[PDB]
$ cat run22.tsv   # TSV, N, CA and C atoms
chain	number	residue	atom	x	y	z
H	1	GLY	N	108.08	126.86	-52.82
H	1	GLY	CA	107.91	128.13	-53.51
H	1	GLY	C	106.76	128.23	-54.49
H	2	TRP	N	105.53	128.19	-54.01
H	2	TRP	CA	104.35	128.26	-54.86
H	2	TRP	C	103.53	129.51	-54.54
H	3	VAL	N	102.35	129.58	-55.14
H	3	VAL	CA	101.54	130.79	-55.18
H	3	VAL	C	100.28	130.55	-54.34
H	4	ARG	N	99.68	131.64	-53.87
H	4	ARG	CA	98.34	131.59	-53.29
H	4	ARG	C	97.37	132.21	-54.29
H	5	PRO	N	96.71	131.43	-55.13
H	5	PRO	CA	95.80	132.00	-56.13
H	5	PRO	C	94.47	132.44	-55.53
H	6	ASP	N	94.43	133.66	-55.00
H	6	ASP	CA	93.28	134.17	-54.25
H	6	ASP	C	91.97	134.25	-55.04
H	7	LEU	N	91.94	134.99	-56.16
H	7	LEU	CA	90.71	135.10	-56.94
H	7	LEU	C	90.92	134.95	-58.44
H	8	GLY	N	92.15	135.02	-58.94
H	8	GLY	CA	92.38	134.99	-60.37
H	8	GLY	C	92.16	133.64	-61.01
H	9	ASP	N	92.20	132.57	-60.22
H	9	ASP	CA	91.99	131.23	-60.73
H	9	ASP	C	90.49	131.00	-60.97
H	10	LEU	N	90.19	129.96	-61.75
H	10	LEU	CA	88.85	129.51	-62.12
H	10	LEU	C	88.05	130.58	-62.86
H	11	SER	N	88.73	131.44	-63.60
H	11	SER	CA	88.07	132.44	-64.42
H	11	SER	C	88.98	132.70	-65.62
H	12	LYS	N	88.63	133.71	-66.42
H	12	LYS	CA	89.48	134.28	-67.47
H	12	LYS	C	89.86	133.23	-68.52
H	13	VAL	N	88.85	132.89	-69.33
H	13	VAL	CA	88.98	132.00	-70.49
H	13	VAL	C	90.19	132.36	-71.34
H	14	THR	N	91.06	131.37	-71.56
H	14	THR	CA	92.33	131.55	-72.24
H	14	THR	C	92.30	130.91	-73.62
H	15	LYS	N	93.45	130.95	-74.26
H	15	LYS	CA	93.79	130.14	-75.42
H	15	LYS	C	94.97	129.28	-75.02
H	16	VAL	N	95.20	128.17	-75.72
H	16	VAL	CA	96.29	127.33	-75.24
H	16	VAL	C	97.45	127.31	-76.22
H	17	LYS	N	97.29	126.56	-77.32
H	17	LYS	CA	98.33	126.31	-78.32
H	17	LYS	C	97.72	125.42	-79.39
H	18	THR	N	98.22	125.56	-80.62
H	18	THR	CA	97.86	124.65	-81.71
H	18	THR	C	98.69	123.38	-81.58
H	19	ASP	N	98.03	122.27	-81.27
H	19	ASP	CA	98.72	121.02	-80.98
H	19	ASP	C	98.37	119.92	-81.96
H	20	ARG	N	97.10	119.69	-82.16
H	20	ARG	CA	96.51	118.68	-83.02
H	20	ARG	C	95.67	119.36	-84.10
H	21	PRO	N	95.31	118.67	-85.18
H	21	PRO	CA	94.39	119.28	-86.15
H	21	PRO	C	93.00	119.50	-85.57
H	22	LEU	N	92.48	120.69	-85.82
H	22	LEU	CA	91.13	121.10	-85.44
H	22	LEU	C	90.13	120.26	-86.22
H	23	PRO	N	89.17	119.62	-85.55
H	23	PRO	CA	88.26	118.71	-86.25
H	23	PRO	C	87.21	119.43	-87.08
H	24	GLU	N	87.62	119.99	-88.22
H	24	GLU	CA	86.67	120.47	-89.20
H	24	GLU	C	85.99	119.28	-89.87
H	25	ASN	N	84.89	119.57	-90.59
H	25	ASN	CA	83.91	118.60	-91.09
H	25	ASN	C	83.45	117.74	-89.92
H	26	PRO	N	82.59	118.28	-89.05
H	26	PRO	CA	82.33	117.64	-87.74
H	26	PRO	C	81.53	116.36	-87.82
H	27	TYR	N	81.08	115.91	-86.64
H	27	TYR	CA	80.72	114.54	-86.25
H	27	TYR	C	80.02	113.70	-87.32
H	28	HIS	N	79.00	114.23	-87.98
H	28	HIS	CA	78.66	113.69	-89.30
H	28	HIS	C	78.63	114.76	-90.37
H	29	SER	N	77.77	115.77	-90.19
H	29	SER	CA	77.51	116.85	-91.16
H	29	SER	C	77.26	116.30	-92.57
H	30	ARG	N	76.15	115.58	-92.71
H	30	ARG	CA	75.90	114.78	-93.91
H	30	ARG	C	75.65	115.66	-95.13
H	31	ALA	N	74.59	116.47	-95.09
H	31	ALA	CA	74.27	117.38	-96.19
H	31	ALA	C	73.55	118.58	-95.61
H	32	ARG	N	73.22	119.52	-96.48
H	32	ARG	CA	72.42	120.64	-95.99
H	32	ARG	C	70.95	120.22	-95.89
H	33	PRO	N	70.29	119.66	-96.94
H	33	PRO	CA	70.49	119.46	-98.38
H	33	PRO	C	70.05	120.68	-99.19
H	34	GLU	N	69.83	120.50	-100.50
H	34	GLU	CA	69.68	121.62	-101.40
H	34	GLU	C	68.36	122.35	-101.17
H	35	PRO	N	68.31	123.66	-101.38
H	35	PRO	CA	67.04	124.39	-101.27
H	35	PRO	C	66.25	124.32	-102.55
H	36	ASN	N	65.14	125.01	-102.58
H	36	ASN	CA	64.32	125.08	-103.78
H	36	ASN	C	64.45	126.47	-104.40
H	37	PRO	N	64.47	126.59	-105.72
H	37	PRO	CA	64.73	127.89	-106.35
H	37	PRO	C	63.57	128.86	-106.18
H	38	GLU	N	63.90	130.14	-106.22
H	38	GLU	CA	62.93	131.21	-106.08
H	38	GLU	C	62.65	131.87	-107.43
H	39	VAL	N	61.82	132.90	-107.38
H	39	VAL	CA	61.45	133.70	-108.54
H	39	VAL	C	61.72	135.17	-108.21
H	40	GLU	N	62.35	135.88	-109.14
H	40	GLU	CA	62.54	137.31	-109.03
H	40	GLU	C	61.67	138.06	-110.03
H	41	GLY	N	61.81	137.76	-111.32
H	41	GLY	CA	60.81	138.10	-112.32
H	41	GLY	C	60.62	139.58	-112.55
H	42	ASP	N	59.36	139.96	-112.77
H	42	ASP	CA	58.96	141.33	-113.02
H	42	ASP	C	57.47	141.42	-112.71
H	43	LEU	N	57.12	142.24	-111.73
H	43	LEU	CA	55.74	142.34	-111.27
H	43	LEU	C	54.93	143.10	-112.32
H	44	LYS	N	54.26	142.36	-113.17
H	44	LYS	CA	53.26	142.83	-114.10
H	44	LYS	C	51.88	142.67	-113.48
H	45	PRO	N	50.88	143.44	-113.93
H	45	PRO	CA	49.52	143.20	-113.44
H	45	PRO	C	48.89	141.97	-114.07
H	46	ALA	N	47.61	141.74	-113.78
H	46	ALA	CA	46.91	140.57	-114.30
H	46	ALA	C	46.80	140.64	-115.81
H	47	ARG	N	46.82	139.46	-116.44
H	47	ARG	CA	46.94	139.39	-117.90
H	47	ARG	C	45.67	139.90	-118.58
H	48	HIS	N	44.51	139.52	-118.06
H	48	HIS	CA	43.26	140.11	-118.52
H	48	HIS	C	42.32	140.44	-117.37
H	49	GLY	N	42.68	140.10	-116.14
H	49	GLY	CA	41.97	140.55	-114.97
H	49	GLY	C	41.06	139.51	-114.35
H	50	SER	N	41.61	138.80	-113.35
H	50	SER	CA	40.93	138.01	-112.33
H	50	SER	C	40.27	136.72	-112.82
H	51	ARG	N	40.06	136.60	-114.14
H	51	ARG	CA	39.76	135.39	-114.91
H	51	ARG	C	38.88	134.34	-114.25
H	52	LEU	N	37.85	134.76	-113.52
H	52	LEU	CA	37.21	133.85	-112.56
H	52	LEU	C	36.09	133.05	-113.20
H	53	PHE	N	35.00	133.71	-113.57
H	53	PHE	CA	34.00	133.06	-114.41
H	53	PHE	C	33.71	133.86	-115.67
H	54	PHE	N	33.26	135.10	-115.55
H	54	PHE	CA	33.05	135.97	-116.70
H	54	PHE	C	33.91	137.23	-116.62
H	55	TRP	N	33.69	138.06	-115.60
H	55	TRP	CA	34.66	138.90	-114.86
H	55	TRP	C	35.77	139.51	-115.71
H	56	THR	N	35.34	140.39	-116.61
H	56	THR	CA	36.21	141.14	-117.52
H	56	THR	C	37.30	141.92	-116.79
H	57	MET	N	36.91	142.77	-115.84
H	57	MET	CA	37.87	143.58	-115.11
H	57	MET	C	37.61	143.51	-113.62
D	1	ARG	N	17.38	152.00	-149.07
D	1	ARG	CA	18.65	152.65	-149.32
D	1	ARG	C	19.03	153.56	-148.16
D	2	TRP	N	18.08	154.35	-147.68
D	2	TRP	CA	18.30	155.19	-146.50
D	2	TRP	C	17.71	154.53	-145.26
D	3	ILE	N	18.23	153.35	-144.92
D	3	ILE	CA	17.95	152.81	-143.60
D	3	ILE	C	19.26	152.42	-142.93
D	4	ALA	N	20.19	151.83	-143.69
D	4	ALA	CA	21.40	151.28	-143.10
D	4	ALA	C	22.34	152.39	-142.67
D	5	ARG	N	22.77	153.22	-143.62
D	5	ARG	CA	23.68	154.33	-143.35
D	5	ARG	C	23.08	155.40	-142.44
D	6	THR	N	21.76	155.38	-142.21
D	6	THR	CA	21.18	156.17	-141.15
D	6	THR	C	21.27	155.49	-139.79
D	7	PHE	N	21.31	154.15	-139.73
D	7	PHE	CA	21.26	153.45	-138.45
D	7	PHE	C	22.51	152.65	-138.12
D	8	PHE	N	22.91	151.67	-138.94
D	8	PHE	CA	23.94	150.74	-138.50
D	8	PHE	C	24.80	150.30	-139.68
D	9	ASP	N	25.59	149.25	-139.48
D	9	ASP	CA	26.57	148.81	-140.47
D	9	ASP	C	26.45	147.32	-140.74
D	10	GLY	N	27.23	146.86	-141.72
D	10	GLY	CA	27.28	145.46	-142.09
D	10	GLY	C	28.66	144.89	-141.85
D	11	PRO	N	29.17	144.09	-142.79
D	11	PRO	CA	30.46	143.42	-142.59
D	11	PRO	C	31.68	144.34	-142.61
D	12	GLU	N	31.68	145.32	-141.72
D	12	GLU	CA	32.89	146.02	-141.32
D	12	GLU	C	32.96	146.22	-139.82
D	13	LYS	N	31.86	146.04	-139.09
D	13	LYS	CA	31.84	146.18	-137.64
D	13	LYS	C	31.44	144.88	-136.96
D	14	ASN	N	30.34	144.26	-137.37
D	14	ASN	CA	29.95	142.98	-136.78
D	14	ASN	C	30.80	141.82	-137.28
D	15	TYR	N	31.59	142.03	-138.32
D	15	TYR	CA	32.77	141.22	-138.55
D	15	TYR	C	33.95	142.01	-138.02
D	16	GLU	N	34.99	141.28	-137.58
D	16	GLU	CA	36.22	141.76	-136.94
D	16	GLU	C	35.98	142.29	-135.53
D	17	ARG	N	34.74	142.28	-135.05
D	17	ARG	CA	34.44	142.27	-133.63
D	17	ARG	C	34.39	140.84	-133.12
D	18	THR	N	33.80	139.95	-133.92
D	18	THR	CA	33.95	138.52	-133.73
D	18	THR	C	35.40	138.09	-133.78
D	19	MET	N	36.20	138.66	-134.67
D	19	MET	CA	37.64	138.43	-134.64
D	19	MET	C	38.32	139.15	-133.48
D	20	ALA	N	37.68	140.17	-132.90
D	20	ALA	CA	38.27	140.89	-131.78
D	20	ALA	C	38.05	140.19	-130.45
D	21	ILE	N	36.81	139.88	-130.09
D	21	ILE	CA	36.52	139.35	-128.77
D	21	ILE	C	36.77	137.85	-128.70
D	22	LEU	N	37.16	137.23	-129.81
D	22	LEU	CA	37.62	135.84	-129.78
D	22	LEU	C	39.13	135.77	-129.75
D	23	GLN	N	39.78	136.86	-129.37
D	23	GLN	CA	41.16	136.84	-128.93
D	23	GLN	C	41.29	137.21	-127.46
D	24	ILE	N	40.17	137.56	-126.81
D	24	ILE	CA	40.13	137.61	-125.35
D	24	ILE	C	39.86	136.24	-124.75
D	25	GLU	N	39.67	135.22	-125.58
D	25	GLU	CA	39.29	133.89	-125.15
D	25	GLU	C	40.46	132.93	-125.04
D	26	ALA	N	41.36	132.93	-126.02
D	26	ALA	CA	42.48	132.01	-126.01
D	26	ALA	C	43.52	132.36	-124.96
D	27	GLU	N	43.49	133.56	-124.40
D	27	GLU	CA	44.26	133.86	-123.20
D	27	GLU	C	43.43	133.72	-121.94
D	28	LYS	N	42.17	133.31	-122.07
D	28	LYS	CA	41.34	133.04	-120.91
D	28	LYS	C	41.08	131.55	-120.72
D	29	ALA	N	40.70	130.84	-121.77
D	29	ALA	CA	40.48	129.40	-121.64
D	29	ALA	C	41.77	128.60	-121.59
D	30	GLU	N	42.91	129.21	-121.89
D	30	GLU	CA	44.17	128.48	-121.80
D	30	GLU	C	44.92	128.73	-120.51
D	31	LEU	N	44.79	129.92	-119.92
D	31	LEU	CA	45.35	130.11	-118.59
D	31	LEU	C	44.52	129.40	-117.53
D	32	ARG	N	43.23	129.17	-117.80
D	32	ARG	CA	42.44	128.30	-116.96
D	32	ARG	C	42.77	126.83	-117.17
D	33	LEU	N	43.48	126.48	-118.24
D	33	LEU	CA	44.06	125.16	-118.36
D	33	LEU	C	45.52	125.12	-117.95
D	34	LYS	N	45.98	126.13	-117.22
D	34	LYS	CA	47.28	126.07	-116.57
D	34	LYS	C	47.17	126.02	-115.06
D	35	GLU	N	46.09	126.54	-114.48
D	35	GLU	CA	45.86	126.40	-113.04
D	35	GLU	C	45.68	124.94	-112.67
D	36	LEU	N	44.86	124.21	-113.43
D	36	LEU	CA	44.73	122.77	-113.24
D	36	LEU	C	46.03	122.05	-113.53
D	37	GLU	N	46.87	122.60	-114.40
D	37	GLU	CA	48.17	122.01	-114.67
D	37	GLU	C	49.12	122.18	-113.48
D	38	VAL	N	48.97	123.25	-112.71
D	38	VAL	CA	49.96	123.65	-111.73
D	38	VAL	C	49.44	123.49	-110.30
D	39	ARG	N	48.23	123.97	-110.02
D	39	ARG	CA	47.72	123.96	-108.65
D	39	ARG	C	47.41	122.54	-108.18
D	40	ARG	N	46.62	121.80	-108.96
D	40	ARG	CA	46.31	120.43	-108.58
D	40	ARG	C	47.51	119.52	-108.73
D	41	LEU	N	48.29	119.69	-109.79
D	41	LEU	CA	49.49	118.89	-109.98
D	41	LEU	C	50.67	119.83	-109.76
D	42	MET	N	51.03	120.02	-108.49
D	42	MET	CA	52.24	120.77	-108.18
D	42	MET	C	53.48	119.85	-108.06
D	43	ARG	N	53.43	118.67	-107.41
D	43	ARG	CA	52.56	118.24	-106.30
D	43	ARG	C	53.39	117.81	-105.12
D	44	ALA	N	54.31	116.90	-105.39
D	44	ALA	CA	55.27	116.46	-104.40
D	44	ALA	C	56.53	117.32	-104.39
D	45	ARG	N	56.75	118.11	-105.43
D	45	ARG	CA	57.92	118.97	-105.47
D	45	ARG	C	57.79	120.16	-104.52
D	46	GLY	N	56.67	120.88	-104.60
D	46	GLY	CA	56.49	122.06	-103.78
D	46	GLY	C	57.43	123.18	-104.12
D	47	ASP	N	57.79	123.31	-105.40
D	47	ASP	CA	58.78	124.29	-105.83
D	47	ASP	C	58.21	125.70	-105.75
D	48	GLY	N	57.16	125.97	-106.52
D	48	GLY	CA	56.48	127.24	-106.47
D	48	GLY	C	55.77	127.42	-105.15
D	49	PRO	N	55.91	128.60	-104.55
D	49	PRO	CA	55.39	128.81	-103.19
D	49	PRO	C	53.88	128.86	-103.09
D	50	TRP	N	53.22	127.72	-103.30
D	50	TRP	CA	51.81	127.55	-103.01
D	50	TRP	C	51.57	126.53	-101.92
D	51	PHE	N	52.33	125.44	-101.93
D	51	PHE	CA	52.25	124.42	-100.90
D	51	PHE	C	53.32	124.59	-99.83
D	52	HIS	N	53.81	125.81	-99.64
D	52	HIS	CA	54.92	126.09	-98.74
D	52	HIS	C	54.40	126.11	-97.31
D	53	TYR	N	54.84	125.15	-96.50
D	53	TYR	CA	54.36	125.14	-95.13
D	53	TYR	C	55.50	125.39	-94.16
D	54	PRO	N	55.27	126.15	-93.09
D	54	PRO	CA	56.35	126.46	-92.15
D	54	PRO	C	56.73	125.26	-91.30
D	55	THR	N	58.03	125.10	-91.08
D	55	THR	CA	58.56	123.98	-90.32
D	55	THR	C	59.21	124.44	-89.02
D	56	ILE	N	60.27	125.24	-89.11
D	56	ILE	CA	61.05	125.65	-87.95
D	56	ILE	C	61.95	126.79	-88.40
D	57	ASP	N	62.35	127.65	-87.47
D	57	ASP	CA	63.29	128.72	-87.75
D	57	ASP	C	64.61	128.39	-87.07
D	58	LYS	N	65.66	128.21	-87.87
D	58	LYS	CA	66.95	127.80	-87.34
D	58	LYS	C	67.75	128.96	-86.75
D	59	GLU	N	67.19	130.17	-86.77
D	59	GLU	CA	67.88	131.31	-86.18
D	59	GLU	C	67.96	131.21	-84.66
D	60	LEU	N	67.00	130.54	-84.03
D	60	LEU	CA	66.93	130.51	-82.57
D	60	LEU	C	67.76	129.39	-81.95
D	61	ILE	N	68.59	128.71	-82.74
D	61	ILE	CA	69.53	127.75	-82.17
D	61	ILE	C	70.67	128.51	-81.49
D	62	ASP	N	71.36	127.83	-80.57
D	62	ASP	CA	72.54	128.37	-79.91
D	62	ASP	C	73.77	127.56	-80.29
D	63	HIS	N	74.95	128.15	-80.10
D	63	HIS	CA	76.20	127.51	-80.48
D	63	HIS	C	77.28	127.65	-79.43
D	64	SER	N	76.95	128.08	-78.22
D	64	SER	CA	77.96	128.23	-77.19
D	64	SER	C	78.43	126.87	-76.70
D	65	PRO	N	79.65	126.78	-76.18
D	65	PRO	CA	80.08	125.53	-75.54
D	65	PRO	C	79.37	125.30	-74.21
D	66	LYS	N	78.16	124.74	-74.29
D	66	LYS	CA	77.34	124.55	-73.11
D	66	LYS	C	77.94	123.49	-72.19
D	67	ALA	N	77.65	123.61	-70.89
D	67	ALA	CA	78.49	123.03	-69.84
D	67	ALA	C	78.19	121.55	-69.59
D	68	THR	N	78.20	120.78	-70.66
D	68	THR	CA	78.36	119.33	-70.63
D	68	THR	C	78.96	118.93	-71.97
D	69	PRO	N	80.13	118.29	-71.98
D	69	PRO	CA	80.83	118.08	-73.26
D	69	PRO	C	80.15	117.06	-74.16
D	70	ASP	N	79.49	116.06	-73.59
D	70	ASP	CA	78.81	115.02	-74.35
D	70	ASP	C	77.31	115.26	-74.18
D	71	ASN	N	76.69	115.80	-75.22
D	71	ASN	CA	75.28	116.16	-75.17
D	71	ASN	C	74.50	115.68	-76.39
$ encode --input "run22.tsv" --output "structure tokens"
Amino acid sequence: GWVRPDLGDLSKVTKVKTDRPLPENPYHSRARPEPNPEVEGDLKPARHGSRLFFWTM
Amino acid sequence: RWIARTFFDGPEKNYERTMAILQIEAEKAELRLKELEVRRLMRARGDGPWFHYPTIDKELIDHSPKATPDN
């Protein structure tokens, strides 16, 4: 008394059951590591203007 | 007597102009002693975005369970 699985088999991704603990903190996952800080500030213009050699403005 | 007040001034204009344009200097010769402080000696930190070089974009990675379990 069995079935003839014509087309429904080998498809339709399922879920099963919670059986064992899910392996969080995977295979190594050592560090990120840390990023470098940014600047937000306040966009002011040039302090006296382009300051190159003589170049007042 | 009638030469100065007809033409020019003494220690009220040519003094305190020397005091005026010598305050455009200490914000010029000292900010030029901060570029050498920062640009040449940044150096191995790379904190401020001047030596920032592109490496890779991690957005284009995939995370699907691709069809070999040990990869």
$ interface_residues --input "run22.tsv" --of "chain H" --to "chain D" --cutoff "8 Å" --atoms "all atoms listed in the file" --output "number ranges by chain"
H: 36-39, 47-48, 51
$ atom_distance --input "run22.tsv" --atom1 "CA of residue 34 in chain D" --atom2 "atom N of residue 52 in chain H"
13.2 Å
$ select_by_dssp --input "run22.tsv" --residues "chain D" --states "alpha helix (DSSP H)" --output "NGL selection string"
:D and (4-7 or 18-21 or 32-35)
$ build_atoms --input "run22.tsv" --residues "range 24-39 of chain H" --atoms "N, CA, C and O atoms" --output "tab-separated table (two decimals), in the coordinates of the input"
chain	number	residue	atom	x	y	z
H	24	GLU	N	87.62	119.99	-88.22
H	24	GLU	CA	86.67	120.47	-89.20
H	24	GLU	C	85.99	119.28	-89.87
H	24	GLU	O	86.45	118.13	-89.78
H	25	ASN	N	84.89	119.57	-90.59
H	25	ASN	CA	83.91	118.60	-91.09
H	25	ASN	C	83.45	117.74	-89.92
H	25	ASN	O	83.90	116.59	-89.77
H	26	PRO	N	82.59	118.28	-89.05
H	26	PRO	CA	82.33	117.64	-87.74
H	26	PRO	C	81.53	116.36	-87.82
H	26	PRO	O	81.27	115.84	-88.91
H	27	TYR	N	81.08	115.91	-86.64
H	27	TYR	CA	80.72	114.54	-86.25
H	27	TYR	C	80.02	113.70	-87.32
H	27	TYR	O	80.42	112.55	-87.54
H	28	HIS	N	79.00	114.23	-87.98
H	28	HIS	CA	78.66	113.69	-89.30
H	28	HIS	C	78.63	114.76	-90.37
H	28	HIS	O	79.43	114.70	-91.31
H	29	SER	N	77.77	115.77	-90.19
H	29	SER	CA	77.51	116.85	-91.16
H	29	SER	C	77.26	116.30	-92.57
H	29	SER	O	78.06	116.50	-93.49
H	30	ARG	N	76.15	115.58	-92.71
H	30	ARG	CA	75.90	114.78	-93.91
H	30	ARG	C	75.65	115.66	-95.13
H	30	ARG	O	76.40	115.61	-96.11
H	31	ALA	N	74.59	116.47	-95.09
H	31	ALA	CA	74.27	117.38	-96.19
H	31	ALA	C	73.55	118.58	-95.61
H	31	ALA	O	73.30	118.66	-94.41
H	32	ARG	N	73.22	119.52	-96.48
H	32	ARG	CA	72.42	120.64	-95.99
H	32	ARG	C	70.95	120.22	-95.89
H	32	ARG	O	70.37	120.39	-94.81
H	33	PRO	N	70.29	119.66	-96.94
H	33	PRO	CA	70.49	119.46	-98.38
H	33	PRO	C	70.05	120.68	-99.19
H	33	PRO	O	69.90	121.76	-98.62
H	34	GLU	N	69.83	120.50	-100.50
H	34	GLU	CA	69.68	121.62	-101.40
H	34	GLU	C	68.36	122.35	-101.17
H	34	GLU	O	67.37	121.73	-100.77
H	35	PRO	N	68.31	123.66	-101.38
H	35	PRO	CA	67.04	124.39	-101.27
H	35	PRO	C	66.25	124.32	-102.55
H	35	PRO	O	66.65	123.65	-103.51
H	36	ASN	N	65.14	125.01	-102.58
H	36	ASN	CA	64.32	125.08	-103.78
H	36	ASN	C	64.45	126.47	-104.40
H	36	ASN	O	64.56	127.46	-103.66
H	37	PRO	N	64.47	126.59	-105.72
H	37	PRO	CA	64.73	127.89	-106.35
H	37	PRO	C	63.57	128.86	-106.18
H	37	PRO	O	62.42	128.46	-106.02
H	38	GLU	N	63.90	130.14	-106.22
H	38	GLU	CA	62.93	131.21	-106.08
H	38	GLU	C	62.65	131.87	-107.43
H	38	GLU	O	63.16	131.46	-108.48
H	39	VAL	N	61.82	132.90	-107.38
H	39	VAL	CA	61.45	133.70	-108.54
H	39	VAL	C	61.72	135.17	-108.21
H	39	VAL	O	61.42	135.63	-107.10
